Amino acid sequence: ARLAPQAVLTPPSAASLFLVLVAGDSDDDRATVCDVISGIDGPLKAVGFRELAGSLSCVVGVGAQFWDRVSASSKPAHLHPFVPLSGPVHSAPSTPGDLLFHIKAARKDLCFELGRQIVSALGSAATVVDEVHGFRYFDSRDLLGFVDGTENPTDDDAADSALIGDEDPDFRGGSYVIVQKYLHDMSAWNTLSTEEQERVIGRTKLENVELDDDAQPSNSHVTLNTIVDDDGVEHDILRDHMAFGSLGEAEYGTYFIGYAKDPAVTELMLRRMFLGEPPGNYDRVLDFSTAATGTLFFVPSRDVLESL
């Protein structure tokens, strides 16, 4: 997929832009927004074509509520606003957003330029409500210093995990994407030893190897995020984390973004993380990371997107 919108399956990139917008309550607003995101390949190629590599991609997400404003029937099976979580200790807020632009390329400028054109076409019809500029941090690490995104599926595995789906054939090729902007408590995290940190995560730190079953804490992040159903089938999401931050504001962040053919999978992971399994046995990553956003979007296929 070179220069196509809704390229959910792209590998990771040196640079990302996450733009989250709310739509004008007006009628003229709903119409410009629709006509801009439905002609999204225009600016995608307008920027992207200037780089020989063609690394630029753009996935458009539309939140449940705005989807209702532009389409009666049909609606995809699982589109709903992001479900908030109130855990023993930690909370995942559900925050506003009608549009997501998830932008990737090999260079920052390519990203920024696509974002500039998008934001400009929208004018006063929409309002930026969250904006992260992500960046690869050494060998795909997060600011907690672990290699992050490892066990992502790929090739056929990834298409079955992320993309609808004979099960909902009107929206075949689409996906459900959840975003969460996490901020970290660096100083707290740095008071753990490497080994404690590894126990919190589920893998070794430098060498990025999974801890043995007989050594792998039942509340480790890896454990809480493994999903096996009754039949013993595993269910995976496609994740695309990036680091971001501000030195002066002491803000160090991980931007979570996860794609799935069914958001039941992503939501189950989030429940096991915030509420624990067994209940109360929650993910220690949450002791060091706080989600400031939580938004759920439908990712239309190219065809479905182009028709709005």
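Numbering starts at 1 and runs along the sequence shown.
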- Query: So 224-232 or 193-201, which one's hotter by mean CA B-factor in the entry?
  - Reply: 224-232
- Query: As stated in the PDB record, which stretch has the larger average Cα B-factor, 30-38 or 52-60?
  - Reply: 30-38
- Note on the structure: In this crystal structure's PDB entry, the residue among 207, 109, 139, 214 with the greatest CA B factor is 214
- Residue, from 180, 73, 117, 95, that the PDB entry assigns the highest Cα B-factor: 73
- Query: residue 45: which third of its chain by C-alpha temperature factor?
  - Reply: lowest
- Task: Looking at the entry's B-factor column for C-alpha atoms only, identify whether residue 131 ranks in the lowest, middle or highest third of its chain.
- Result: middle
- Message: Is residue 176 in the lowest, middle or highest third of its chain when residues are ranked by C-alpha B-factor?
- Response: middle
- Query: By the record's CA B-factor, is residue 12 among the lowest, middle or highest third of residues in the chain?
  - Reply: middle
- Message: Looking at the temperature factor on the CA atom of residue 21, which third of the chain's modelled residues does it land in?
- Response: middle
